[PDB]
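J.: Give me the fold of what follows.
(2 chains)
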Amino acid sequence: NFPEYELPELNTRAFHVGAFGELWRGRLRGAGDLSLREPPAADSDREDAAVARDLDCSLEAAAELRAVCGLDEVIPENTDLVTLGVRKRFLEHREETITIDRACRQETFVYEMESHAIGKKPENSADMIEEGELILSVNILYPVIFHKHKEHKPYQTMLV
DNA sequence: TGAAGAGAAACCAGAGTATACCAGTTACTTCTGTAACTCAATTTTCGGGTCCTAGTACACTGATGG
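T.: Residues are numbered from 1 along each chain as shown, chains lettered A, B, ... in the order given. What follows is the structure:
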């Protein structure tokens, strides 16, 4: 069944997870969007033929699209935008209020827990997961260990 | 021919007299409870947040000294 907001922005209606995964794998069935492969002049011609086949255009038009839509750090930042200006001001104020300016232990902790296993390939390739496996991001609320854990409920999230 | 009282025109306090409040009580009403459905207004209460100031842990930094 379709997941839809039961509450405006807090909660969905009860829906079967298997049905939802099947809807998704049905709408992406054999479209090449669920690959789980790593990202890889002769290929240019095949790509242009594919674009001509999928967009009903000419090989010349496909090559033109491939050329024009091409992709289009350095800490210096000038000629700012709104949020870029806010970031510049924040950076300058931090440069004068802080003396060591390195990632706090909680920042590195949250990051190194989040990005602990990303792109980690299976050693066996027999425990490789199938294309389309519906990872659920549960988060289990810690019990009330400290008294203040009633106010702001700490949780640990698991990618089931 | 004064003497011991006789009369006479003043003050002066006080005892009824006059007020002056100041309670002292008889009917004669409302207002309870319970019941009920109704609806809106208002209160209470109640679990949980909410913000805020103040420490606190903890990994790292930055010398420091022997």
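
J.: Compute the number of surrounding residues for the residue in chain A positioned nearest to DNA strand B.
T.: Proximity to DNA strand B, evaluated over chain A using Cβ to the nearest atom of the strand, is greatest for residue A:105 at 4.0 Å. Bear in mind the C-beta positions are built from the backbone N, C-alpha and C, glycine included. Using other Cβ atoms under 10 Å, residue A:105 has 8 neighbouring residues.

J.: Could you do residue A:51 as well?
T.: 19.

J.: got a list of what it touches?
T.: A:57, A:62, A:65, A:66 (Cβ atoms under 8 Å, 6 or more residues apart in numbering).

J.: would CSV of these with distance to DNA strand B, neighbour count and secondary structure be doable?
T.: Converted to CSV, the contacts of residue A:51 look like this (distance: Cβ to the nearest atom of the strand, whole Å; neighbours: other Cβ atoms under 10 Å; DSSP: H, G, I helix; E, B strand; the rest coil):
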residue, distance to DNA strand B, neighbour count, secondary structure
A:57, 53, 15, coil
A:62, 51, 21, helix
A:65, 48, 15, helix
A:66, 46, 13, helix
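
J.: ok, which pair from these is furthest apart?
T.: Within the contacts of residue A:51, A:57 and A:66 form the most distant pair, 11.0 Å apart (Cβ to Cβ).

J.: how about the strands in chain A?
T.: Taking DSSP state E as the test, the strands found in chain A are A:5-7, A:11-12, A:137-141, A:155-159.

J.: in its sheet, what does the shortest one sit against?
T.: With DSSP bridges as the criterion, the sheet partners recorded for strand A:11-12 are strand A:5-7 (antiparallel).

J.: Same question for the last one.
T.: If you go by DSSP bridges, strand A:155-159 pairs up with strand A:137-141 (antiparallel).

J.: which residues touch the strand it pairs with?
T.: By Cβ under 8 Å, 6+ apart, strand A:137-141 touches A:153, A:154, A:155, A:156, A:157, A:158, A:159, A:160.

J.: 7 Å instead?
T.: Surrounding strand A:137-141, the residues in contact under the criterion Cβ atoms under 7 Å, 6 or more residues apart in numbering are A:153, A:155, A:156, A:157, A:158, A:159, A:160.

J.: among the residues you listed, which are within reach of DNA strand B?
T.: For DNA strand B, the contacts drawn from these by Cβ under 7 Å from any atom of the strand are residue A:153.

J.: Okay then, goodbye and thanks.
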